[PDB]
>>> print(open('work-v4.cif').read())   # mmCIF, C-alpha atoms
data_structure
#
loop_
_atom_site.group_PDB
_atom_site.id
_atom_site.type_symbol
_atom_site.label_atom_id
_atom_site.label_comp_id
_atom_site.auth_asym_id
_atom_site.auth_seq_id
_atom_site.Cartn_x
_atom_site.Cartn_y
_atom_site.Cartn_z
ATOM 1 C CA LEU Z 1 -66.290 21.620 200.118
ATOM 2 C CA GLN Z 2 -64.471 19.521 202.730
ATOM 3 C CA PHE Z 3 -63.430 15.864 202.839
ATOM 4 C CA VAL Z 4 -61.746 13.458 205.155
ATOM 5 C CA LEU Z 5 -60.074 10.697 203.168
ATOM 6 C CA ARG Z 6 -58.627 7.564 204.722
ATOM 7 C CA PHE Z 7 -55.494 5.790 203.563
ATOM 8 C CA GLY Z 8 -54.706 2.167 204.326
ATOM 9 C CA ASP Z 9 -51.006 2.972 204.543
ATOM 10 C CA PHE Z 10 -48.409 5.714 204.363
ATOM 11 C CA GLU Z 11 -47.068 4.702 200.923
ATOM 12 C CA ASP Z 12 -50.410 5.591 199.377
ATOM 13 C CA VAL Z 13 -50.220 9.057 200.954
ATOM 14 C CA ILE Z 14 -46.714 9.551 199.473
ATOM 15 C CA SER Z 15 -47.983 8.286 196.065
ATOM 16 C CA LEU Z 16 -50.830 10.800 196.148
ATOM 17 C CA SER Z 17 -48.456 13.605 197.040
ATOM 18 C CA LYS Z 18 -46.180 12.940 194.067
ATOM 19 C CA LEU Z 19 -49.141 13.618 191.765
ATOM 20 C CA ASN Z 20 -49.123 17.365 192.453
ATOM 21 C CA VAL Z 21 -52.844 17.262 193.194
ATOM 22 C CA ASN Z 22 -52.264 18.796 196.604
ATOM 23 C CA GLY Z 23 -55.730 20.287 196.486
ATOM 24 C CA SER Z 24 -55.248 23.557 198.256
ATOM 25 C CA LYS Z 25 -55.300 22.933 202.026
ATOM 26 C CA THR Z 26 -54.587 19.438 203.322
ATOM 27 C CA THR Z 27 -54.011 18.341 206.921
ATOM 28 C CA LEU Z 28 -52.710 14.864 207.710
ATOM 29 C CA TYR Z 29 -53.472 12.770 210.816
ATOM 30 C CA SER Z 30 -52.934 9.162 211.906
ATOM 31 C CA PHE Z 31 -55.539 7.201 213.803
ATOM 32 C CA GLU Z 32 -55.843 3.512 214.647
ATOM 33 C CA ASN Z 33 -53.275 2.293 212.112
ATOM 34 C CA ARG Z 34 -54.581 4.393 209.242
ATOM 35 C CA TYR Z 35 -53.843 7.850 207.820
ATOM 36 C CA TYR Z 36 -56.452 10.537 207.328
ATOM 37 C CA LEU Z 37 -56.132 13.513 205.047
ATOM 38 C CA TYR Z 38 -58.297 16.422 205.926
ATOM 39 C CA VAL Z 39 -58.919 17.979 202.508
ATOM 40 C CA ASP Z 40 -60.246 21.511 202.030
ATOM 41 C CA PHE Z 41 -60.784 22.518 198.427
ATOM 42 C CA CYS Z 42 -61.957 25.849 199.915
ATOM 43 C CA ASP Z 43 -62.225 27.785 196.650
ATOM 44 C CA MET Z 44 -61.733 25.728 193.508
ATOM 45 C CA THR Z 45 -64.255 25.018 190.778
ATOM 46 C CA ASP Z 46 -66.687 22.104 190.659
ATOM 47 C CA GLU Z 47 -64.507 20.958 187.783
ATOM 48 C CA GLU Z 48 -60.995 21.195 189.211
ATOM 49 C CA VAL Z 49 -62.382 19.553 192.338
ATOM 50 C CA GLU Z 50 -64.005 16.626 190.520
ATOM 51 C CA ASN Z 51 -60.884 15.465 188.697
ATOM 52 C CA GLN Z 52 -58.764 16.171 191.799
ATOM 53 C CA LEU Z 53 -60.954 14.176 194.170
ATOM 54 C CA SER Z 54 -61.161 11.265 191.734
ATOM 55 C CA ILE Z 55 -57.385 10.776 191.737
ATOM 56 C CA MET Z 56 -57.219 11.162 195.494
ATOM 57 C CA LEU Z 57 -59.759 8.334 195.630
ATOM 58 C CA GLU Z 58 -57.442 5.910 193.874
ATOM 59 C CA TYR Z 59 -55.188 6.029 196.908
ATOM 60 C CA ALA Z 60 -57.887 6.581 199.534
ATOM 61 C CA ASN Z 61 -61.532 6.168 200.578
ATOM 62 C CA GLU Z 62 -64.040 8.758 201.796
ATOM 63 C CA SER Z 63 -64.382 8.514 205.577
ATOM 64 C CA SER Z 64 -67.130 9.512 207.992
ATOM 65 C CA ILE Z 65 -64.519 9.743 210.736
ATOM 66 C CA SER Z 66 -64.973 13.284 212.062
ATOM 67 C CA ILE Z 67 -62.272 15.915 212.068
ATOM 68 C CA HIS Z 68 -63.115 16.391 215.791
ATOM 69 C CA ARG Z 69 -62.697 12.696 216.480
ATOM 70 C CA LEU Z 70 -59.257 12.947 214.835
ATOM 71 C CA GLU Z 71 -58.393 16.234 216.575
ATOM 72 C CA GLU Z 72 -58.690 14.790 220.055
ATOM 73 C CA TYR Z 73 -57.797 11.125 219.551
ATOM 74 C CA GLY Z 74 -55.477 11.331 216.532
ATOM 75 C CA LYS Z 75 -51.866 12.328 216.002
ATOM 76 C CA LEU Z 76 -51.586 15.515 214.007
ATOM 77 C CA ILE Z 77 -48.732 14.972 211.556
ATOM 78 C CA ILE Z 78 -48.739 18.011 209.247
ATOM 79 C CA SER Z 79 -51.234 20.880 209.138
ATOM 80 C CA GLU Z 80 -52.429 22.899 206.158
ATOM 81 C CA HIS Z 81 -49.775 21.963 203.583
ATOM 82 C CA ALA Z 82 -49.538 18.223 204.228
ATOM 83 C CA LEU Z 83 -49.328 16.803 200.693
ATOM 84 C CA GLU Z 84 -46.729 19.378 199.584
ATOM 85 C CA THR Z 85 -44.676 18.620 202.690
ATOM 86 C CA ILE Z 86 -44.923 14.865 202.160
ATOM 87 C CA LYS Z 87 -43.982 15.196 198.461
ATOM 88 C CA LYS Z 88 -40.889 17.232 199.391
ATOM 89 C CA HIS Z 89 -39.401 14.861 201.994
ATOM 90 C CA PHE Z 90 -40.876 11.515 200.950
ATOM 91 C CA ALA Z 91 -41.547 11.550 197.183
ATOM 92 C CA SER Z 92 -39.187 9.656 194.788
#
>>> encode(input="work-v4.cif", output="structure tokens")
Amino acid sequence: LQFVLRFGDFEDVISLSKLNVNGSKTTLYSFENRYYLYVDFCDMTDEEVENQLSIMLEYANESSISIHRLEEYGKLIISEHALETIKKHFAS
């Protein structure tokens, strides 16, 4: 299933990325001073997903902010492989 997670600041996004929990597809946006990770676990198991989500939620909170909201009024930063891209250029 799909999730939009909100981060209070960029460092927490970088922190998450270092964890190698880049849960299949992730797209990253900014909006109103915060960062939003669109997170698609498309095909994973209800187990891999549970432990994955739960770490993501140490650095973020579940948001009701719609992906369409973000698409038209947010800045798209990275699509599809966001956490991997952030880890590569920002992590460590």
>>> atom_distance(input="work-v4.cif", atom1="atom CA of residue 85 of chain Z", atom2="atom CA of residue 47 of chain Z")
24.9 Å
>>> resolve_selection(input="work-v4.cif", expression="the PyMOL selection byres ((chain Z and resi 29) around 7)", output="CSV table (one decimal) with C-alpha atoms, keeping the file's coordinate frame")
chain,number,residue,atom,x,y,z
Z,27,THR,CA,-54.0,18.3,206.9
Z,28,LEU,CA,-52.7,14.9,207.7
Z,30,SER,CA,-52.9,9.2,211.9
Z,31,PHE,CA,-55.5,7.2,213.8
Z,35,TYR,CA,-53.8,7.8,207.8
Z,36,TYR,CA,-56.5,10.5,207.3
Z,37,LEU,CA,-56.1,13.5,205.0
Z,74,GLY,CA,-55.5,11.3,216.5
Z,75,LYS,CA,-51.9,12.3,216.0
Z,76,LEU,CA,-51.6,15.5,214.0
Z,77,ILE,CA,-48.7,15.0,211.6
>>> resolve_selection(input="work-v4.cif", expression="the PyMOL selection byres ((chain Z and resi 38) around 9)", output="list in words")
residues 2, 3, 4, 5, 6, 25, 26, 27, 28, 29, 36, 37, 39, 40, 67, 79 and 80 of chain Z
>>> closest_residue(input="work-v4.cif", among="Z:16, Z:41, Z:51, Z:34", to="residue 70 of chain Z", atoms="all atoms listed in the file")
Z:34
>>> closest_residue(input="work-v4.cif", among="Z:10, Z:24, Z:65, Z:1", to="residue 81 of chain Z", atoms="only C-alpha atoms")
Z:24
>>> atom_distance(input="work-v4.cif", atom1="atom CA of residue 64 of chain Z", atom2="atom CA of residue 32 of chain Z")
14.4 Å
>>> axis_aligned_box(input="work-v4.cif", around="segment 43-54 of chain Z", padding_each_side="8 Å", output="JSON")
{"center_x": -62.7, "center_y": 19.5, "center_z": 192.2, "size_x": 23.9, "size_y": 32.5, "size_z": 24.9}
>>> closest_residue(input="work-v4.cif", among="Z:45, Z:21, Z:60, Z:53", to="residue 9 of chain Z", atoms="only C-alpha atoms")
Z:60
>>> closest_residue(input="work-v4.cif", among="Z:46, Z:63, Z:12, Z:20", to="residue 83 of chain Z", atoms="all atoms listed in the file")
Z:20
>>> closest_residue(input="work-v4.cif", among="Z:92, Z:61, Z:33, Z:66", to="residue 19 of chain Z", atoms="only C-alpha atoms")
Z:92
>>> closest_residue(input="work-v4.cif", among="Z:8, Z:57, Z:23, Z:15", to="residue 90 of chain Z", atoms="all atoms listed in the file")
Z:15
>>> atom_distance(input="work-v4.cif", atom1="atom CA of residue 56 of chain Z", atom2="atom CA of residue 11 of chain Z")
13.2 Å
>>> residues_around(input="work-v4.cif", residues="residue 17 of chain Z", least_positions_apart="4", cutoff="7 Å", atoms="all atoms listed in the file", output="MDAnalysis selection string")
chainID Z and resid 13 21:22 83:84 86:87
>>> write_last_selection(input="work-v4.cif", atoms="C-alpha atoms", output="PDB file, in the coordinates of the input")
ATOM      1  CA  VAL Z  13     -50.220   9.057 200.954  1.00  0.00           C
ATOM      2  CA  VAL Z  21     -52.844  17.262 193.194  1.00  0.00           C
ATOM      3  CA  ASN Z  22     -52.264  18.796 196.604  1.00  0.00           C
ATOM      4  CA  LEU Z  83     -49.328  16.803 200.693  1.00  0.00           C
ATOM      5  CA  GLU Z  84     -46.729  19.378 199.584  1.00  0.00           C
ATOM      6  CA  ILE Z  86     -44.923  14.865 202.160  1.00  0.00           C
ATOM      7  CA  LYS Z  87     -43.982  15.196 198.461  1.00  0.00           C
TER       8      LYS Z  87
END
>>> build_atoms(input="work-v4.cif", residues="segment 6-38 of chain Z", atoms="N, CA and C atoms", output="short mmCIF file (atom, residue, chain, number, x, y, z; two decimals), in the frame of the given file")
data_model
loop_
_atom_site.label_atom_id
_atom_site.label_comp_id
_atom_site.auth_asym_id
_atom_site.auth_seq_id
_atom_site.Cartn_x
_atom_site.Cartn_y
_atom_site.Cartn_z
N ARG Z 6 -59.44 8.48 203.95
CA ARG Z 6 -58.63 7.56 204.72
C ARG Z 6 -57.73 6.73 203.84
N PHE Z 7 -56.49 6.57 204.29
CA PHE Z 7 -55.49 5.79 203.56
C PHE Z 7 -55.13 4.55 204.36
N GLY Z 8 -55.10 3.41 203.68
CA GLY Z 8 -54.71 2.17 204.33
C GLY Z 8 -53.25 2.14 204.76
N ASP Z 9 -52.38 2.88 204.08
CA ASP Z 9 -51.01 2.97 204.54
C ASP Z 9 -50.26 4.21 204.04
N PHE Z 10 -49.16 4.52 204.69
CA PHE Z 10 -48.41 5.71 204.36
C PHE Z 10 -47.92 5.78 202.91
N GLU Z 11 -47.59 4.65 202.29
CA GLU Z 11 -47.07 4.70 200.92
C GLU Z 11 -48.10 5.32 199.99
N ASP Z 12 -49.37 5.06 200.24
CA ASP Z 12 -50.41 5.59 199.38
C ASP Z 12 -50.54 7.10 199.55
N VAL Z 13 -50.29 7.60 200.75
CA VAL Z 13 -50.22 9.06 200.95
C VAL Z 13 -49.07 9.67 200.13
N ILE Z 14 -47.87 9.10 200.25
CA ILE Z 14 -46.71 9.55 199.47
C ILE Z 14 -47.02 9.53 197.96
N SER Z 15 -47.54 8.40 197.46
CA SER Z 15 -47.98 8.29 196.06
C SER Z 15 -48.89 9.43 195.66
N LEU Z 16 -49.92 9.71 196.46
CA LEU Z 16 -50.83 10.80 196.15
C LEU Z 16 -50.07 12.11 196.06
N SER Z 17 -49.17 12.34 197.00
CA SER Z 17 -48.46 13.60 197.04
C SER Z 17 -47.60 13.84 195.79
N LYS Z 18 -47.06 12.78 195.21
CA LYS Z 18 -46.18 12.94 194.07
C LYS Z 18 -46.97 13.49 192.88
N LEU Z 19 -48.29 13.27 192.90
CA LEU Z 19 -49.14 13.62 191.76
C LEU Z 19 -49.40 15.12 191.59
N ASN Z 20 -48.88 15.93 192.50
CA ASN Z 20 -49.12 17.36 192.45
C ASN Z 20 -50.59 17.73 192.37
N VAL Z 21 -51.42 17.00 193.12
CA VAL Z 21 -52.84 17.26 193.19
C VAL Z 21 -53.15 17.80 194.58
N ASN Z 22 -52.10 18.18 195.30
CA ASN Z 22 -52.26 18.80 196.60
C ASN Z 22 -53.31 19.90 196.52
N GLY Z 23 -54.55 19.50 196.79
CA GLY Z 23 -55.73 20.29 196.49
C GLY Z 23 -55.97 21.38 197.49
N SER Z 24 -55.35 22.52 197.25
CA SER Z 24 -55.25 23.56 198.26
C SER Z 24 -55.01 22.88 199.61
N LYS Z 25 -55.68 23.34 200.67
CA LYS Z 25 -55.30 22.93 202.03
C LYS Z 25 -55.53 21.45 202.35
N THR Z 26 -54.49 20.81 202.86
CA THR Z 26 -54.59 19.44 203.32
C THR Z 26 -53.94 19.35 204.70
N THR Z 27 -54.60 18.66 205.62
CA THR Z 27 -54.01 18.34 206.92
C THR Z 27 -54.00 16.82 207.10
N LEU Z 28 -52.88 16.30 207.59
CA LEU Z 28 -52.71 14.86 207.71
C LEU Z 28 -52.67 14.41 209.17
N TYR Z 29 -53.45 13.37 209.49
CA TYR Z 29 -53.47 12.77 210.82
C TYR Z 29 -53.21 11.26 210.70
N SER Z 30 -52.79 10.62 211.80
CA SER Z 30 -52.93 9.16 211.91
C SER Z 30 -53.97 8.84 212.96
N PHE Z 31 -54.54 7.64 212.86
CA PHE Z 31 -55.54 7.20 213.80
C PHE Z 31 -55.79 5.70 213.61
N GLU Z 32 -55.55 4.93 214.67
CA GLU Z 32 -55.84 3.51 214.65
C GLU Z 32 -55.25 2.82 213.43
N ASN Z 33 -53.97 3.05 213.16
CA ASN Z 33 -53.28 2.29 212.11
C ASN Z 33 -53.51 2.82 210.71
N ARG Z 34 -54.38 3.81 210.56
CA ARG Z 34 -54.58 4.39 209.24
C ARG Z 34 -54.21 5.87 209.19
N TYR Z 35 -54.16 6.43 207.99
CA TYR Z 35 -53.84 7.85 207.82
C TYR Z 35 -55.08 8.55 207.29
N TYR Z 36 -55.28 9.78 207.72
CA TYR Z 36 -56.45 10.54 207.33
C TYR Z 36 -56.01 11.89 206.82
N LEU Z 37 -56.51 12.25 205.65
CA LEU Z 37 -56.13 13.51 205.05
C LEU Z 37 -57.33 14.40 205.20
N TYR Z 38 -57.24 15.43 206.02
CA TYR Z 38 -58.30 16.42 205.93
C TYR Z 38 -58.09 17.26 204.66
#
